[PDB]
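> Hey, dropping model-v1.pdb in here, PDB, N, CA and C atoms:
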ATOM      1  N   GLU A   1     -52.167 176.114-200.034
ATOM      2  CA  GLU A   1     -53.226 176.120-201.074
ATOM      3  C   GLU A   1     -54.362 177.062-200.661
ATOM      4  N   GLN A   2     -55.305 177.295-201.584
ATOM      5  CA  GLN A   2     -56.485 178.185-201.422
ATOM      6  C   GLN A   2     -57.357 177.701-200.253
ATOM      7  N   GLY A   3     -57.679 178.598-199.323
ATOM      8  CA  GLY A   3     -58.520 178.324-198.145
ATOM      9  C   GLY A   3     -57.712 177.998-196.899
ATOM     10  N   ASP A   4     -56.415 177.775-197.013
ATOM     11  CA  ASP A   4     -55.580 177.413-195.842
ATOM     12  C   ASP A   4     -55.599 178.557-194.810
ATOM     13  N   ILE A   5     -55.544 178.224-193.531
ATOM     14  CA  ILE A   5     -55.464 179.242-192.456
ATOM     15  C   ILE A   5     -53.978 179.458-192.152
ATOM     16  N   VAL A   6     -53.537 180.696-192.112
ATOM     17  CA  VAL A   6     -52.124 181.025-191.810
ATOM     18  C   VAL A   6     -52.105 181.979-190.626
ATOM     19  N   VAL A   7     -50.937 182.100-190.027
ATOM     20  CA  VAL A   7     -50.711 183.016-188.888
ATOM     21  C   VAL A   7     -49.518 183.901-189.248
ATOM     22  N   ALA A   8     -49.602 185.185-188.940
ATOM     23  CA  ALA A   8     -48.499 186.141-189.184
ATOM     24  C   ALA A   8     -47.342 185.809-188.227
ATOM     25  N   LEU A   9     -46.129 185.685-188.750
ATOM     26  CA  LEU A   9     -44.908 185.452-187.945
ATOM     27  C   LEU A   9     -44.362 186.778-187.432
ATOM     28  N   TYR A  10     -44.591 187.858-188.172
ATOM     29  CA  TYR A  10     -44.126 189.235-187.878
ATOM     30  C   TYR A  10     -45.230 190.191-188.292
ATOM     31  N   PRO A  11     -45.279 191.419-187.761
ATOM     32  CA  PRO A  11     -46.268 192.370-188.197
ATOM     33  C   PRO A  11     -45.855 192.928-189.563
ATOM     34  N   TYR A  12     -46.796 193.538-190.261
ATOM     35  CA  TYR A  12     -46.512 194.178-191.562
ATOM     36  C   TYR A  12     -47.499 195.331-191.780
ATOM     37  N   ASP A  13     -46.992 196.507-192.121
ATOM     38  CA  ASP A  13     -47.820 197.692-192.428
ATOM     39  C   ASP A  13     -47.894 197.825-193.950
ATOM     40  N   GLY A  14     -49.054 197.613-194.549
ATOM     41  CA  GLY A  14     -49.232 197.747-196.005
ATOM     42  C   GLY A  14     -48.884 199.160-196.463
ATOM     43  N   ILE A  15     -48.187 199.303-197.574
ATOM     44  CA  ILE A  15     -47.784 200.620-198.134
ATOM     45  C   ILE A  15     -48.807 201.077-199.190
ATOM     46  N   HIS A  16     -49.634 200.170-199.694
ATOM     47  CA  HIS A  16     -50.615 200.494-200.751
ATOM     48  C   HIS A  16     -52.023 200.060-200.338
ATOM     49  N   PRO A  17     -53.086 200.623-200.926
ATOM     50  CA  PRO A  17     -54.459 200.242-200.607
ATOM     51  C   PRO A  17     -54.789 198.753-200.817
ATOM     52  N   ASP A  18     -54.098 198.082-201.741
ATOM     53  CA  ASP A  18     -54.376 196.651-202.039
ATOM     54  C   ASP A  18     -53.696 195.727-201.021
ATOM     55  N   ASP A  19     -52.991 196.265-200.035
ATOM     56  CA  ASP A  19     -52.276 195.426-199.045
ATOM     57  C   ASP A  19     -53.059 195.301-197.741
ATOM     58  N   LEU A  20     -52.888 194.182-197.053
ATOM     59  CA  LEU A  20     -53.418 194.020-195.679
ATOM     60  C   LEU A  20     -52.331 194.484-194.709
ATOM     61  N   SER A  21     -52.706 195.104-193.613
ATOM     62  CA  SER A  21     -51.760 195.400-192.518
ATOM     63  C   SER A  21     -52.110 194.389-191.431
ATOM     64  N   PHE A  22     -51.150 193.690-190.863
ATOM     65  CA  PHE A  22     -51.464 192.688-189.820
ATOM     66  C   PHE A  22     -50.405 192.732-188.725
ATOM     67  N   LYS A  23     -50.745 192.096-187.622
ATOM     68  CA  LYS A  23     -49.868 191.974-186.444
ATOM     69  C   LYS A  23     -49.366 190.533-186.355
ATOM     70  N   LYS A  24     -48.271 190.352-185.663
ATOM     71  CA  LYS A  24     -47.787 188.986-185.388
ATOM     72  C   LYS A  24     -48.884 188.243-184.614
ATOM     73  N   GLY A  25     -49.216 187.031-185.049
ATOM     74  CA  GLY A  25     -50.251 186.211-184.390
ATOM     75  C   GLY A  25     -51.615 186.346-185.054
ATOM     76  N   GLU A  26     -51.804 187.328-185.921
ATOM     77  CA  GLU A  26     -53.103 187.525-186.609
ATOM     78  C   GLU A  26     -53.369 186.334-187.541
ATOM     79  N   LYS A  27     -54.596 185.835-187.551
ATOM     80  CA  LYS A  27     -54.973 184.675-188.393
ATOM     81  C   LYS A  27     -55.603 185.191-189.693
ATOM     82  N   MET A  28     -55.209 184.601-190.811
ATOM     83  CA  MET A  28     -55.710 185.011-192.135
ATOM     84  C   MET A  28     -56.057 183.762-192.927
ATOM     85  N   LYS A  29     -57.024 183.891-193.809
ATOM     86  CA  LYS A  29     -57.424 182.806-194.719
ATOM     87  C   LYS A  29     -56.787 183.123-196.076
ATOM     88  N   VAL A  30     -56.028 182.198-196.625
ATOM     89  CA  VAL A  30     -55.374 182.422-197.938
ATOM     90  C   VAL A  30     -56.443 182.245-199.017
ATOM     91  N   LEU A  31     -56.628 183.236-199.863
ATOM     92  CA  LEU A  31     -57.636 183.158-200.940
ATOM     93  C   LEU A  31     -56.946 182.699-202.219
ATOM     94  N   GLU A  32     -55.814 183.302-202.561
ATOM     95  CA  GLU A  32     -55.086 182.976-203.814
ATOM     96  C   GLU A  32     -53.588 183.111-203.587
ATOM     97  N   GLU A  33     -52.783 182.190-204.103
ATOM     98  CA  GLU A  33     -51.314 182.300-204.029
ATOM     99  C   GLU A  33     -50.868 182.855-205.386
ATOM    100  N   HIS A  34     -50.027 183.884-205.392
ATOM    101  CA  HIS A  34     -49.529 184.568-206.613
ATOM    102  C   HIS A  34     -48.032 184.823-206.472
ATOM    103  N   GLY A  35     -47.274 183.812-206.069
ATOM    104  CA  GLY A  35     -45.817 183.900-205.901
ATOM    105  C   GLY A  35     -45.438 184.462-204.549
ATOM    106  N   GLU A  36     -44.701 185.571-204.513
ATOM    107  CA  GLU A  36     -44.236 186.179-203.243
ATOM    108  C   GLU A  36     -45.423 186.735-202.443
ATOM    109  N   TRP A  37     -46.405 187.287-203.149
ATOM    110  CA  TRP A  37     -47.565 187.912-202.476
ATOM    111  C   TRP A  37     -48.809 187.048-202.643
ATOM    112  N   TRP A  38     -49.569 186.870-201.578
ATOM    113  CA  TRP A  38     -50.814 186.081-201.605
ATOM    114  C   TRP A  38     -52.012 186.979-201.325
ATOM    115  N   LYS A  39     -53.149 186.693-201.929
ATOM    116  CA  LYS A  39     -54.378 187.421-201.560
ATOM    117  C   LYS A  39     -54.945 186.690-200.335
ATOM    118  N   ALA A  40     -55.297 187.416-199.291
ATOM    119  CA  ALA A  40     -55.781 186.800-198.040
ATOM    120  C   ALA A  40     -56.903 187.622-197.427
ATOM    121  N   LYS A  41     -57.540 187.032-196.430
ATOM    122  CA  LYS A  41     -58.610 187.689-195.666
ATOM    123  C   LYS A  41     -58.235 187.626-194.185
ATOM    124  N   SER A  42     -58.228 188.754-193.507
ATOM    125  CA  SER A  42     -58.023 188.758-192.046
ATOM    126  C   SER A  42     -59.270 188.113-191.433
ATOM    127  N   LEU A  43     -59.122 187.093-190.594
ATOM    128  CA  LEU A  43     -60.300 186.482-189.925
ATOM    129  C   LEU A  43     -60.789 187.418-188.819
ATOM    130  N   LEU A  44     -59.957 188.345-188.368
ATOM    131  CA  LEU A  44     -60.340 189.327-187.325
ATOM    132  C   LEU A  44     -61.147 190.473-187.944
ATOM    133  N   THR A  45     -60.635 191.103-188.995
ATOM    134  CA  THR A  45     -61.273 192.306-189.588
ATOM    135  C   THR A  45     -62.183 191.986-190.771
ATOM    136  N   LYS A  46     -62.023 190.814-191.389
ATOM    137  CA  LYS A  46     -62.767 190.354-192.592
ATOM    138  C   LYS A  46     -62.348 191.192-193.807
ATOM    139  N   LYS A  47     -61.300 191.997-193.671
ATOM    140  CA  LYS A  47     -60.796 192.758-194.841
ATOM    141  C   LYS A  47     -59.891 191.850-195.680
ATOM    142  N   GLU A  48     -59.927 192.042-196.997
ATOM    143  CA  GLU A  48     -59.093 191.256-197.932
ATOM    144  C   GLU A  48     -57.980 192.139-198.495
ATOM    145  N   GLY A  49     -56.881 191.533-198.876
ATOM    146  CA  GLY A  49     -55.768 192.280-199.465
ATOM    147  C   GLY A  49     -54.595 191.367-199.683
ATOM    148  N   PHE A  50     -53.539 191.896-200.272
ATOM    149  CA  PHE A  50     -52.334 191.102-200.546
ATOM    150  C   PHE A  50     -51.418 191.143-199.330
ATOM    151  N   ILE A  51     -50.731 190.044-199.094
ATOM    152  CA  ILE A  51     -49.787 189.909-197.959
ATOM    153  C   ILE A  51     -48.482 189.294-198.466
ATOM    154  N   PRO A  52     -47.336 189.644-197.876
ATOM    155  CA  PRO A  52     -46.082 189.026-198.261
ATOM    156  C   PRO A  52     -46.102 187.600-197.695
ATOM    157  N   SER A  53     -46.005 186.576-198.544
ATOM    158  CA  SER A  53     -46.137 185.148-198.136
ATOM    159  C   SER A  53     -45.041 184.717-197.159
ATOM    160  N   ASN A  54     -43.895 185.400-197.167
ATOM    161  CA  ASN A  54     -42.767 185.054-196.266
ATOM    162  C   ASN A  54     -43.047 185.520-194.836
ATOM    163  N   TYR A  55     -44.109 186.282-194.611
ATOM    164  CA  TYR A  55     -44.442 186.792-193.259
ATOM    165  C   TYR A  55     -45.433 185.872-192.548
ATOM    166  N   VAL A  56     -45.881 184.796-193.176
ATOM    167  CA  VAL A  56     -46.906 183.918-192.552
ATOM    168  C   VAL A  56     -46.453 182.462-192.604
ATOM    169  N   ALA A  57     -47.065 181.650-191.763
ATOM    170  CA  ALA A  57     -46.850 180.197-191.716
ATOM    171  C   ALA A  57     -48.223 179.548-191.639
ATOM    172  N   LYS A  58     -48.346 178.370-192.201
ATOM    173  CA  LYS A  58     -49.614 177.636-192.096
ATOM    174  C   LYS A  58     -49.848 177.343-190.614
ATOM    175  N   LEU A  59     -51.089 177.428-190.153
ATOM    176  CA  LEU A  59     -51.452 176.959-188.796
ATOM    177  C   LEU A  59     -51.233 175.401-188.829
ATOM    178  N   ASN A  60     -51.362 174.713-189.990
ATOM    179  CA  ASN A  60     -51.099 173.251-190.248
ATOM    180  C   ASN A  60     -49.816 173.094-191.072
ATOM    181  N   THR A  61     -48.682 172.775-190.437
ATOM    182  CA  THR A  61     -47.413 172.662-191.214
ATOM    183  C   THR A  61     -47.036 171.192-191.461
ATOM    184  N   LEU A  62     -47.671 170.241-190.779
ATOM    185  CA  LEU A  62     -47.334 168.801-190.933
ATOM    186  C   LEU A  62     -47.885 168.219-192.241
ATOM    187  N   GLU A  63     -49.121 168.546-192.616
ATOM    188  CA  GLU A  63     -49.700 167.906-193.830
ATOM    189  C   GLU A  63     -49.598 168.834-195.048
TER
END
Go through the file and emit its structure as structure tokens.

Amino acid sequence: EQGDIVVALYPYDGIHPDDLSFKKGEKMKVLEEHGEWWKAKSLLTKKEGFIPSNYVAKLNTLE
């Protein structure tokens, strides 16, 4: 859901300006879920952009 903290499982290089580029282990805040791609904010760079949702996992997976 919106505001959840996620961690990158694999790195990803954005191909377009609206994408975030991240490394494995990078922490991001999910802003909006839009199917396969989510809008997120890198907690390291504070930059926002779309990320492939299959490349991240919730830091909280139990609840």
> Near residue 24 in chain A, counting all atoms listed in the file, which residues have an atom at most 7 Å away, once you skip same-chain residues fewer than 6 positions from it, shown as a PyMOL selection string?
chain A and resi 7-12
> Once the PyMOL selection byres ((chain A and resi 57) around 7) is applied to the coordinates I shared, what remains selected? I want it as a list in words.
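The output of the PyMOL selection byres ((chain A and resi 57) around 7) on this file is residues 5, 6, 7, 8, 9, 53, 54, 55, 56, 58, 59, 60 and 61 of chain A.
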> Convert the output of the PyMOL selection byres ((chain A and resi 51) around 6) on the shown file into explicit residues, formatted as a PyMOL selection string.
chain A and resi 19-20+36-40+49-50+52-53
> Provide the atom C of residue 44 in chain A to atom C of residue 4 in chain A distance in Å, to one decimal place.
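Computing it gives 14.8 Å between the two atoms.
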> Please, which residues of chain A, numbered as in this document, come out strand (DSSP E or B) from DSSP, as a ChimeraX atom specification?
/A:5-8,12,19,22,27-34,37-42,48-52,56-58
> Can you work out the spacing between CA of residue 42 in chain A and CA of residue 16 in chain A in Å, to one decimal?
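For CA of residue 42 in chain A relative to CA of residue 16 in chain A, the distance reads 16.4 Å.
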> Can you measure CA of residue 3 in chain A to atom N of residue 31 in chain A for me? One decimal in Å is fine.
5.5 Å
> Give me the result of the PyMOL selection byres (((chain A and resi 45 and name CA) around 10) and name CA) on this file, residue by residue, as an mmCIF file with N, CA and C atoms, in the coordinates of the input.

data_model
loop_
_atom_site.group_PDB
_atom_site.id
_atom_site.type_symbol
_atom_site.label_atom_id
_atom_site.label_comp_id
_atom_site.auth_asym_id
_atom_site.auth_seq_id
_atom_site.Cartn_x
_atom_site.Cartn_y
_atom_site.Cartn_z
ATOM 1 N N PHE A 22 -51.150 193.690 -190.863
ATOM 2 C CA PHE A 22 -51.464 192.688 -189.820
ATOM 3 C C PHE A 22 -50.405 192.732 -188.725
ATOM 4 N N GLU A 26 -51.804 187.328 -185.921
ATOM 5 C CA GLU A 26 -53.103 187.525 -186.609
ATOM 6 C C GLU A 26 -53.369 186.334 -187.541
ATOM 7 N N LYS A 27 -54.596 185.835 -187.551
ATOM 8 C CA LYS A 27 -54.973 184.675 -188.393
ATOM 9 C C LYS A 27 -55.603 185.191 -189.693
ATOM 10 N N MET A 28 -55.209 184.601 -190.811
ATOM 11 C CA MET A 28 -55.710 185.011 -192.135
ATOM 12 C C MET A 28 -56.057 183.762 -192.927
ATOM 13 N N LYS A 41 -57.540 187.032 -196.430
ATOM 14 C CA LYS A 41 -58.610 187.689 -195.666
ATOM 15 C C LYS A 41 -58.235 187.626 -194.185
ATOM 16 N N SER A 42 -58.228 188.754 -193.507
ATOM 17 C CA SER A 42 -58.023 188.758 -192.046
ATOM 18 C C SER A 42 -59.270 188.113 -191.433
ATOM 19 N N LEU A 43 -59.122 187.093 -190.594
ATOM 20 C CA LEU A 43 -60.300 186.482 -189.925
ATOM 21 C C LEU A 43 -60.789 187.418 -188.819
ATOM 22 N N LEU A 44 -59.957 188.345 -188.368
ATOM 23 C CA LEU A 44 -60.340 189.327 -187.325
ATOM 24 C C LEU A 44 -61.147 190.473 -187.944
ATOM 25 N N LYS A 46 -62.023 190.814 -191.389
ATOM 26 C CA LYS A 46 -62.767 190.354 -192.592
ATOM 27 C C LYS A 46 -62.348 191.192 -193.807
ATOM 28 N N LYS A 47 -61.300 191.997 -193.671
ATOM 29 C CA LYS A 47 -60.796 192.758 -194.841
ATOM 30 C C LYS A 47 -59.891 191.850 -195.680
ATOM 31 N N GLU A 48 -59.927 192.042 -196.997
ATOM 32 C CA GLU A 48 -59.093 191.256 -197.932
ATOM 33 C C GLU A 48 -57.980 192.139 -198.495
#
> Edge lengths and centre, in Å to one decimal, as AutoDock Vina command-line options: that's what I need for the box along x, y and z that holds all listed atoms of range 9-24 of chain A plus 4 Å on each side.

--center_x -49.5 --center_y 193.3 --center_z -193.3 --size_x 18.7 --size_y 23.6 --size_z 25.4
